[PDB]
Each structure stands twice: as C-alpha cells, then as structure tokens.
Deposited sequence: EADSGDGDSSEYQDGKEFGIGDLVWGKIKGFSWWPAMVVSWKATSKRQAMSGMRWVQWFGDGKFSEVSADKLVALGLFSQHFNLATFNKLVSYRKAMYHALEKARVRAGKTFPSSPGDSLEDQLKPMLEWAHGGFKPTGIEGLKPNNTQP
C-alpha cells in the first residue's frame, strides 16, 4: 500500500517538517489522494501544513515527530511570526483532542497548550498524539 518504503511516518502522524528557507513547521502526514496531485516518490510523504493548509512533498528524512517538541520548537520564529503562532495553535489543538487532554483570547488560549507541549505532553507523553 501507500508509504510502504521502509521509512518512518504514516497517514495521520503529527510532524515537524523542514522546508528550505523556513523554520521547522508543524504538519500532518496526509495521503496523496487528499492532495489533488499525485503519489509521493519513494521515501517521501505528502504533508499538510498547519495554519495555511497547503500540501508539500517532503522527504521522510526532513520530518520528525511533533512530540519531539522542545527540540524543534523555534522560540524566535514564534515571537516574530503571527502565522507560526497560528500554526502552533491548530497543531496543538489537534494534539490535545487526540491525547484526551483538556485545559481551562488567542495568545491566552495558546499559553497552556504550549506549556503542555513543551513539558512533554503530560500525562500521556508522545504516545497520546497518535492517530485513530
């Protein structure tokens, strides 16, 4: 089936993706059928970026699990780009619902999800970010 090339990451997975020119950006691994384009080349994954909803063919080597958060979260880009803050929100919101986490503005709503993420996604850890 699709994405069976002996590489990491399958459909539904929350990831950081690295496009030349940009900070690591949050994405979801999607099937090529959702993209309205074509099958990915071997060793690549279609992702849909949080915040803008666009599609990219990205190598599996330029993707890491979103759960490795503090390692790829980019504090500078977060302070500089409103689009990145926007992206964080939609990314973390999706993570929250998956992990069965709940929290009590925008920057104000982001704050505890950001802390949860940076803190290691407690109590479930990264296990709680899986699809299904």
### Message
Please report every deposited-sequence interval that has no C-alpha in the structure, sorted by position.
### Response
1 to 9, 114 to 118, 147 to 150
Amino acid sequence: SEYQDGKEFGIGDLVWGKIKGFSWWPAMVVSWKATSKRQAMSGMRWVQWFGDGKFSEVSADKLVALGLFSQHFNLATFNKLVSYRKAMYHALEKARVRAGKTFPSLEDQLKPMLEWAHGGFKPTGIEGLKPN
From here on, numbers count along this sequence of modelled residues.
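For clarity, a rigid core is taken as the largest C-alpha set superposing within 1.5 Å between two forms.
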### Query
Comparing 21 to 29 with 8 to 16, which has C-alphas lying farther from the shown form in 8 other deposited structures of this protein once the core is aligned?
21 to 29
### Query
Which has the higher mean CA temperature factor in the PDB entry, 106 to 114 or 19 to 27?
106 to 114
## Note on the structure
The largest CA temperature factor among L68, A91, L75, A99 is found at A99
### Query
By its CA B factor, does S36 count among the lowest, middle or highest third of the modelled residues in the chain?
highest
#### Entry: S83 - which third its CA temperature factor falls in, relative to the rest of the chain
middle
### Query
Ranked by Cα temperature factor within the chain, is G43 in the lowest third, the middle third or the highest third?
highest
